[PDB]
Ligand SMILES: CCn1ccc(CN)c1
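Numbering (the deposited numbering), first residue to last: 1 to 330.
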């Protein structure tokens, strides 16, 4: 089997991407944030505290003839931005782009933090990291991809995120029309539960490529590119007036600037992020200070190849017995 679904930016900045997902019988379609940095499929629901729902579409398990309470199971997750959610668990039929999994754990939110409430466009998350990170207790649950994998034509999914435009998540096949050149594959460590890999270096604009190993994760659920402070300083030093602002929480730059590109290495191959992809717009409405899309990972503990980086590539998440990542230009 295969599946193919369009993923759409939630706003004009590509702050996140939503993909429609069918849950239950009859189908209830929710728009979920596909997140290769986490491993829980959770949804706003009829159980979510009413004051914490503000415009989201909810899953109502009592209206699904295939929903079953997973008795005793609870979940609770916290994310890198400090947001969080928790609740109980149903199993139900979940379909993405024509690919159907029966018995998928659908984690029903009883509580969500304010940042989720405030984002009316995201009805929940669909985790695509390794199932070892799934938070369901006392019986850990598998991701949608892990459950689908044996049925898939090939044990892979691909992310093709657009810049200010829709893109595609495919399951079970590699669309050879969706990228240019060849796909360069690189090793993955699953030791931390992430699609963790080592970039071979970087370049800023037209500058010379610096060969240096950068360990990080391919994370569709993180907006920006978070890299070591040395690398990020080298980038922003090429932008007149750019500075790190403690009050804003990262590098900002004059909105009048033209940003240089940023290149990252995948083995001997190179992915070029155009400068425009690094502009996240005014820090507040009407400001002439703009927020940068490349930020320091120093306070995180891990480097994150988030959407800013991934949207410049066609990305293969290869879930074979030994997982690997593939990157192609597009
Ligand atoms: C934009 C919604 N969101 C918040 C945290 C995550 C996971 N990185 C997704």
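All C-beta atoms in this analysis are idealised placements derived from N, C-alpha and C, irrespective of residue type, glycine included.
Grouping DSSP H, G and I as helix and E and B as strand, with all else coil, what is residue 109? Residue 109: strand per DSSP, three-state reduction.
Mapping the DSSP letters down to three states, classify residue 142 as helix, strand or coil. Correct three-state label for residue 142: coil.
Please work out which residues of its chain come closer than 8 Å, Cβ to Cβ, to residue 290, disregarding the five sequence neighbours upstream and downstream, and give them in chain order. Taking C-beta separations shorter than 8 Å and ignoring five residues to either side along the sequence, the partners of residue 290 in its chain run 252, 253, 254, 255, 257, 279, 280, 281, 282, 283, following chain order.
Could you give the C-beta distance for residue 140 and residue 134, rounded to a whole number, given that I count them as a contact under 8 Å? Correct: roughly 5 Å between the Cβ atoms.
Check whether the segment 72-84 and the segment 45-64 touch, using three or more Cβ-Cβ pairs below 8 Å as the test. Segments in contact, no.
Could you give the first and the last residue of the continuous alpha helix (DSSP H) run that contains residue 310? Residues 307-310.
If you compare alpha carbons, which of 16, 129, 10, 100 is closest to residue 151? If we check each option's Cα against that of residue 151, 100 comes out closest.
Check whether the segment 204-217 and the segment 23-33 are in contact - that is, three or more C-beta pairs closer than 8 Å. Counting Cβ pairs under 8 Å, fewer than three are found: no touch.
State the start and end residues of the unbroken beta strand (DSSP E) segment that holds residue 4. In this chain, the beta strand (DSSP E) harbouring residue 4 covers 3-9.
Host alpha helix (DSSP H) of residue 236 (start-end): Going by DSSP, residue 236 is part of the alpha helix (DSSP H) stretching over 229-236.
Say the cut is 6 Å; is the CB of residue 279 nearer than that to a heavy atom of ligand 1? No.
Unbroken alpha helix (DSSP H) runs of length 4 or more, entirely within the segment 153-182: which are they? None, since the segment 153-182 contains no complete alpha helix (DSSP H) of that length.
Note down the Cα distance separating residue 298 from residue 66, rounded to an integer number of angstroms. Looking at the two C-alpha atoms, the distance is approximately 46 Å.
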